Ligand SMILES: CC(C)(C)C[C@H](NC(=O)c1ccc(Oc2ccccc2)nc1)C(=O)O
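The chain that follows stands alone, in the form deposited without the named molecule, written as structure tokens.
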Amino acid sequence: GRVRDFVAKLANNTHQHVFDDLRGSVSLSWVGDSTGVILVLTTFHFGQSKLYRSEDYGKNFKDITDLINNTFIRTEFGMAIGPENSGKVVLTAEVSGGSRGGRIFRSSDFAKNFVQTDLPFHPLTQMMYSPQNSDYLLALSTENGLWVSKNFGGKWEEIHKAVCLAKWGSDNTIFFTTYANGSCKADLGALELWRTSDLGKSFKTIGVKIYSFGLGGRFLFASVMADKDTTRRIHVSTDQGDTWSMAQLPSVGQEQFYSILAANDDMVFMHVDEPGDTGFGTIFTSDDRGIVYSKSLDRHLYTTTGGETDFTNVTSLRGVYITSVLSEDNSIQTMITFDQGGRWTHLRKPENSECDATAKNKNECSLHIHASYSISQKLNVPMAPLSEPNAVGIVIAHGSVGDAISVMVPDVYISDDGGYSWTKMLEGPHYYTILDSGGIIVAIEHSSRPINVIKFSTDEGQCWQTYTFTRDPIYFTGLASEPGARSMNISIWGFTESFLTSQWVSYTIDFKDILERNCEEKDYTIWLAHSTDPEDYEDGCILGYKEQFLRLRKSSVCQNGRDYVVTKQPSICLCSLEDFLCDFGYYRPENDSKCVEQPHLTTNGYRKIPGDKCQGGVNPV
């Protein structure tokens, strides 16, 4: 049925901490993993800053504002936390205009001690850490210079004087662009692309007539203006610029743009905006070389170059993505693919639901999910779809049933098999979070009035129980939990006011007495992913192979632990003509998978899809 006597267990595991300060903004950062360190930066308007630190996963805080000498901190930059468990933090201060250069506070003890240094310049962007080493930092000044440091901020040196974009690469390699005359705004389309693998000792130009560049996966993209027109194309290199090749994508005008929806180690999603202010574009998918692209989804919804898109990578299950499209009648609709872009289809309606006013036929409708685009329209959608790699097949999102995204108050839906089937979880907008690799899910109401109740479920979203965690209702502001969905601590943030006495508060609840017992070998059951028809001999193998998981049973209340790794067992299907895509100068006509040439590189005509692992069968080569 359900667990009982939970109120007593949770009574002793609730801790309240009240922050005494002026209520301005709040910025929360996690330092490292498994350390439990958190930093809170309160900024307000002269201006003042307060800095708080914890070592207890947010249960207790201490005021370390005296370590930064009570200096004001630019919140626009925020905090520059180092990679991995480096325990490095950098804060940029505000200094008088007459000063020659800026000023930073830098630590390497997980914020236990800070050291003050004066830079010889005025930073224009945020410091960037090298992925390979955390002692390397670069930044651009206000005069468009490029300064690098090999000492973690101790000493800086200038390596170029007219840069306008720089980013790190693998093996401490720096790519940047420089403008010869004027400014990168005025000199756009005539830039250069340089590289230096020695941190400023030698340079090698790897591009001319550049318009922009970007890094994704193991590819390097650069947009180059045409010789005699404003149209620009794309070039891709896998050698860090030693050799280039031209991608097989249509050119764009001056008002259009490109966009890397998602890049992988063996694949990239690309968006190409159609001419005019139509508001939609197209999605292309590449091969493992990043050269040949095939049309994937038409009328993809993309607001503008700095706009919003609903594209989402469902990380719970393999090769599943969700996005929004614009229908012929100008109604926003949602699509889902399970083949990694091979095909797209509408979401399946919940088994027991009724279509809303949007639907024309009450016996025919589908689910539609609110996302970042709906948030951009000032609607009652507090969050976006949520999924974790270590929680298998669990997806939570706000949605409404109908023939298009409705403009009424949404509900919350959950899918326990990657997105094949959905069911209604809760009524009305909520804030949700996954704890302990799917062992517990918590929900908080999203209302305009004070709330003093939290709901949790151990059946993986089937039955819920309420717990009253405070006597004085607060105005909820947001939840906080350690990244990775592997902890059992949840922090609730909010403020309570009576008469000008608003004051931040937070509550931290520990579920260690609910999941008392450790999961055994008898609490896990075998599960087959991507299953559609059990009778079929080859059922459930997507992209050439199938996998079986061991998932915790919904009727077991146990703790997975922080050292949980998902069990798995791939099995390989056979190869068919559906596992290959046409290559270069070929196309695939309608109602057949054959590749026929259009009525120096040369191939047979077929190219295996990136990620396929099929063996034997039919090899059209």
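All residue numbers are counted from 1 along the displayed sequence.
Below: the form deposited with the named molecule bound, not depicted.
Transferring the named molecule from its position in the entry with it bound by superimposing the surrounding C-alpha atoms places at least three ligand atoms within 2.4 angstroms of backbone or C-beta atoms of the displayed chain; the site is blocked.
Of the candidate stretches 297 to 305, 362 to 370, 189 to 197, 328 to 336, only 297 to 305 has residues with heavy atoms within 4.5 Å of the named molecule in the entry with it bound. Put simply, of 106, 232, 160, 349 only one has a heavy atom within 4.5 Å of the named molecule in the entry with it bound, and it is 232. Residue in contact with the named molecule in the entry with it bound (any heavy atom within 4.5 Å), chosen from 470, 212, 458, 323: 212.
Though the partner is left out of this view, residue 491 does not reach within 4.5 Å of the named molecule in the entry with it bound, counting heavy atoms only. The named molecule is not shown here, but in the entry with it bound it comes within 4.5 Å of a heavy atom of residue 259. When contacts are judged by a 4.5 Å heavy atom cut-off, residue 221 counts as touching the named molecule in the entry with it bound. Shown here without the named molecule, the chain has no residue in 582 to 598 lying with a heavy atom within 4.5 Å of that partner in the entry with it bound.
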